[PDB]
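What follows is one structure encoded as structure tokens, with my remarks underneath.
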Amino acid sequence: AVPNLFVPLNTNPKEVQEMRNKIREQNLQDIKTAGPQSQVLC
Amino acid sequence: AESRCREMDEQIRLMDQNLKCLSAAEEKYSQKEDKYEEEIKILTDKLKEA
Amino acid sequence: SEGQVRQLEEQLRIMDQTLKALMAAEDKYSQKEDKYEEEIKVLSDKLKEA
Amino acid sequence: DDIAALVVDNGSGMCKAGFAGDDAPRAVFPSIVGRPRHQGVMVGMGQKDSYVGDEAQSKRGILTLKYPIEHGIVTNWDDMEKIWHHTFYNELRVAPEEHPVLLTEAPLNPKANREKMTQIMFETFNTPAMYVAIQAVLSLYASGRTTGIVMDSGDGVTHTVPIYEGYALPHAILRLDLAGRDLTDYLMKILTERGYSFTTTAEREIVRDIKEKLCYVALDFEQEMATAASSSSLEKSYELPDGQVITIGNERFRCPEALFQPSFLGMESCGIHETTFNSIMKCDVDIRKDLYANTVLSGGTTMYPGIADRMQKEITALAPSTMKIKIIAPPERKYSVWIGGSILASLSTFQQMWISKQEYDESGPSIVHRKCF
Amino acid sequence: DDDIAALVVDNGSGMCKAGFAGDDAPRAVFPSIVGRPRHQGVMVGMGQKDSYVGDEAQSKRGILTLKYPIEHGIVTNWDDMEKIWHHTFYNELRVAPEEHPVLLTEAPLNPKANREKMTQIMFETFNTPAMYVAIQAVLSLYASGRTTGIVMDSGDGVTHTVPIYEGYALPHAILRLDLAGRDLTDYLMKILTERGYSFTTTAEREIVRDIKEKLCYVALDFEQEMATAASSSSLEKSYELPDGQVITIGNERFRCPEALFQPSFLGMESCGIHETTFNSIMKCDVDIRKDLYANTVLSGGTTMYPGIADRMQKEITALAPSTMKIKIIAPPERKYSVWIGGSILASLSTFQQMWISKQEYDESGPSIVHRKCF
Amino acid sequence: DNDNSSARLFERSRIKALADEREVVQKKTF
Amino acid sequence: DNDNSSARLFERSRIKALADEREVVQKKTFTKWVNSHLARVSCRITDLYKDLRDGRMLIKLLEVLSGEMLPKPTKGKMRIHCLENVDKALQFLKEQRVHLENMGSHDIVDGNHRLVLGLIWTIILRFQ
Ligand SMILES: Nc1ncnc2c1ncn2[C@@H]1O[C@H](COP(=O)(O)OP(=O)(O)O)[C@@H](O)[C@H]1O
Ligand SMILES: Nc1ncnc2c1ncn2[C@@H]1O[C@H](COP(=O)(O)OP(=O)(O)O)[C@@H](O)[C@H]1O
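Chains as they are written, first to last, in PDB author numbering: chain 1, 484 to 525; chain V, 150 to 199; chain U, 150 to 199; chain I, 3 to 375; chain H, 2 to 375; chain S, 31 to 60; chain T, 31 to 158.
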């Protein structure tokens, strides 16, 4: 239990590789976005 | 407004130089990759030769 | 003075967009080029062994 | 999907904050707290006990600037609470009860720092979930590779950690107390030789601006001494806020050289290149050639022009000659940690790893050592 | 010894001292002030003096504008400094500088051009055969009689602490603070306005300085002393001006030197002398701080006030860990300790090889001193 | 300076644009 | 604790007693030899550790043994003058290629017993 206590096992690296590309897509495309608006504001 | 305009002109023409300064090396390897692959083809032939 | 300030800075933003696009393409083909660069090495090792 | 988490990077120098899944942080501001020191005479102007962050930078003439974080350790917790309140309410304008937060801190730190950070983020802000991560692991997320040794140099502390195939070797982590604040103090010391004297905490920011603008890392130290002694081509001119003009000259490449030779500060420790090489040699034999090819620079202190060539040349000199050394320095390496935080904060498989509020209630603040790292 | 005895010249901000090496006391001590007349000249037939230098300028203060060539340890004006040196060599010591090597003192942290100009002036004009530059706190440690301790020297222009352990100095722990006797003089001159006495011109600065030298002391407890002085008039002194009026100094006796310990009275945010000494000690290594606690040496005239040693010891003991002993060593003749250390330095046979020769100056130029001195 | 110029470009465009857009939306809604 | 207590008792008994007893006899024999050579110049030493602090006795002993003039000691009673005299003696030993390890002027001046005994033994063995 002591070698890999901190992380869950059997996870695909392709998911992380996809997400980094998805984040870089916004930088390339220069997207306008706003932050999440609160429910109490709504 | 005029003093801001001076600075803005400085910035735009500095970046105007910078852009095609970056363009040149990109199209340098665009012509480089041709020999870099055509030599690999001859190298593969010399590989199967042995 | 307001007029040319407003024109110049959006011209600048267009031109920095172009700079970003060309820089991204450069990063593409460089990260391709290094793996191709050691592809040729593996090919040469195969040749020498044979 | 549901509500997005918050990513907050608290380095020793400057604080950064934004929403998870974003490319760049929304709020970037210095981590200072200022209080007035002179008499106040104008009746009716209103009172203000403290100035937090950027607001303290503009009115720094009549304040005594104080840093809450010193050498990566939170010394004054009240000013940290003030900084966090300012970040949450004035910079991002979000209620902290709706969002989980992810925080960053140094590899080797006292246990009480993490315990008090967890207690503060649960007890006062009432966040539903929180997590703590090492900054350099987030740098390796930002780079996007599974294997490499990463060296992060901030304003408080420098640390090197190697990671191979997702496994981090704990005994090879090296920590060095040589950072940007020490270089700023050394620049204040060596600017005395030309006649300029800066003493109060207001002028420390002026010295920091001078260091960020007109300093560079020499490729060869003695040759640059010979060149600067022969000619006056290396001098540059800077303008003070009050209108006086100073001219540095020789001291441009002597301040950042002190990272590579810490004996200028009186420190006995080795340079950053030797620290990285020693941290590589502490690992096993089979992973060393992978660590030579994936050295990553992170943190703002590595934004001197010419740091990469000097580091590559030094490590090439120290390493055996049969292998290749490449140093991977992204241009946006200042915010790399925060970018890594975003990549971590909105993974699908990461959502099971938040420290739940119920778990904190039933375990005390000691739950952060069992989880996190 | 078959060689000509060297001259030791100590050049502080306030007073210049000069004497022969191997002597226990200097020959010439005089204020370093240059005066110029300001009034209309009548009675043709009497003498023409362009400038008044030194002690004579203190005798005719009424008709002169008094200037200090050295302020904050930096030689701002060089012609006045040359006049001071000429009056020292020819009118005070009556010796030719071409026959004697000379020894010079200066503050630890100061511009490099000061050293270069000092060497260039004293070789090219006075034609001295050899010279050397020393740091005043090191000479204070020489004259203390020990080779290990921390020196806090405060002149009329600068304050500095250096630690030295067994002959080795630590350059990263040297601390410099720009709070000295001139700022205390200006603060006393400002706070004398409360009682109604006004001193504005440069001639009254010496009167205020004499008042500070004769009627000031450092209180052990500041708030209790303030309450005592506000309760009654048991702490009051009377000082008479040169024209006849008598002023009552009263409460200001322990408020002028208190700015030494609390610089916030002067508008400066730096720490006091006790915190500066403590911070300099903690900048050193772990093993040697115990020896530095037991060997604290006070130097300079600014530390000549009554009760400065007890107050300094009381302040440091609270800041320091309680488990060991704090000893403040204050020699009674600390005002001339720098010159005494300079005299001992020029008496050693090993020191005779460290002089900057005229041949070396002709070879390297005025840049030799940074290589040769310290 | 080219790395400095690229960092300046990133900080000027990407960091500032999101903050300005969020400020606009928050101001209109408030 | 009991094992450590008995162990350090063994140290402070046997190690300390043997070293201290040896150095006492060794000091007595050394000072007799030094008084034997120093009768020619009519100087003598009562204590080995105390009398060598000033360094004039060492200079005179080297004058006796070498038979040649050394630099004159500086007529100073300060601490630094004592260091100067001891440094002069050690330097005079240094030109004639007599090997010394861990030898310093302050070691002789502050009165280190082993270092003074080692210097005297080196002078005995390598010079005469
Ligand atoms: N462009 C730059 N060039 C050189 N040094 C810099 C630059 N920007 C920041 N620094 C140094 O880095 C420090 C800020 O680093 P930072 O990344 O904020 O550290 P952290 O975020 O860990 O507190 C500053 O004090 C300064 O000394
Ligand atoms: N007896 C005294 N009591 C109190 N202060 C004194 C006394 N004598 C001198 N001072 C102060 O010390 C200053 C002289 O210091 P000094 O040692 O001459 O400095 P330097 O030699 O570096 O110029 C004077 O300006 C005076 O204010």
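Backbone N, C-alpha and C define an ideal beta-carbon position, used for all residues, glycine too.
- With respect to chain S, the C-beta atom of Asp176 (chain U) has no partner C-beta closer than 7 Å.
- Look at the beta carbons and you see the region 338-353 of chain I touching the region 18-32 of chain I: at least three pairs across the two are nearer than 8 Å.
- C-alpha of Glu99 (chain H) to C-alpha of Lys50 (chain H): approximately 27 Å in a straight line.
- Judged by pairs of C-beta atoms under 8 Å, the region 191-199 of chain H does not touch the region 278-297 of chain H, as fewer than three such pairs exist.
- Judged by their CB atoms, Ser300 (chain I) and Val152 (chain I) are nearer to each other than the 7 Å cut-off.
- In this structure, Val298 (chain I) sits near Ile330 (chain I), with a CB-CB distance shorter than 7 Å.
- Buried is the label assigned to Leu176 (chain I), since at least 16 other Cβ atoms lie within 10 Å of its Cβ.
- For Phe21 (chain I), the uninterrupted beta strand (DSSP E) run begins and ends at 16-21, by DSSP.
- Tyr91 (chain I) carries a helical assignment under DSSP once its states are collapsed to helix, strand and coil.
- Listed by position along chain I, the residues whose Cβ is nearer than 9 Å to that of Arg52 (chain S) are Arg28, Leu94, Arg95.
- Neighbours of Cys154 (chain V) in chain U, taken as residues at a C-beta separation under 9 Å, are given in chain order as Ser150, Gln153, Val154, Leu157.
- When the Cα atoms are used, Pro164 (chain H) and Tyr143 (chain H) turn out to be separated by approximately 13 Å.
- Judged by the Cβ position, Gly182 (chain I) qualifies as a neighbour of ligand 1 at the 6 Å threshold, a heavy atom of the ligand being closer than this.
- Rounded to whole angstroms, the Cβ separation of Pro27 (chain I) and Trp340 (chain I) is 5 Å, and the two are in contact under 8 Å.
- The bridge partners DSSP lists for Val490 (chain 1) come to none.
- Rounded to the nearest whole angstrom, the CA to CA distance from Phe40 (chain S) to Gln156 (chain U) is 22 Å.
- Boundaries of the beta strand (DSSP E) around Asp11 (chain I): 8-12.
- Residues of the region 338-364 of chain I with a Cβ closer than 8 Å to any Cβ of chain 1, in chain order: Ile341, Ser344, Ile345, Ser348, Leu349, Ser350, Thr351, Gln354, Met355.
- Any Cβ of chain S closer than 7 Å to the Cβ of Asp165 (chain U) would place that residue at the interface, and such an atom is present.
- Scanning chain 1 for C-beta atoms nearer than 7 Å to the C-beta of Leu48 (chain S) yields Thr516, reported in chain order.
- Residue contact with chain 1 for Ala173 (chain U): present (Cβ-Cβ distance below 7 Å to some residue of chain 1).
- By the Cβ neighbour-count rule, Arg39 (chain I) is exposed, with fewer than 16 other Cβ atoms within 10 Å of its own.
- Contact between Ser271 (chain I) and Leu180 (chain I) holds, with the beta-carbon distance rounding to 7 Å and staying under 8 Å.
- The Cβ atoms of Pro333 (chain I) and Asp50 (chain S) lie no closer than 7 Å to each other.
- For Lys195 (chain U), the chain V residues whose Cβ falls inside 8 Å of its Cβ are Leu196, in order along the chain.
- With contacts defined as CB atoms closer than 7 Å, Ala6 (chain H) and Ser358 (chain H) fail to qualify as a contacting pair.
- Taking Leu185 (chain I) as reference, the option from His87 (chain I), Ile369 (chain I), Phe266 (chain I) with the minimal CA-CA separation is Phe266 (chain I).
- At the C-beta level, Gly36 (chain I) and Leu65 (chain I) come within 7 Å of one another.
- Residue state for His161 (chain H) is assigned as strand, using DSSP reduced to three classes.
- Relative to ligand 1, the nearest heavy atom lies less than 6 Å away from the CB of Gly15 (chain I).
- Within the same chain, Cβ atoms closer than 8 Å to the Cβ of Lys118 (chain I) are found at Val76, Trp79, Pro367, the five residues on either side in sequence being excluded.
- The C-alpha of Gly55 (chain I) lies about 22 Å from the C-alpha of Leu242 (chain I).
- For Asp24 (chain I), the C-beta contacts it makes with chain S under 9 Å involve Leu48, in order along the chain.
- For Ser239 (chain I), there is no enclosing alpha helix (DSSP H); the enclosing beta strand (DSSP E) covers residues 239-241.
- With a contact defined as Cβ atoms closer than 8 Å, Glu107 (chain I) and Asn115 (chain I) qualify at about 7 Å.
- For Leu180 (chain H), no Cβ of chain I is located within less than 7 Å of the residue's own Cβ.
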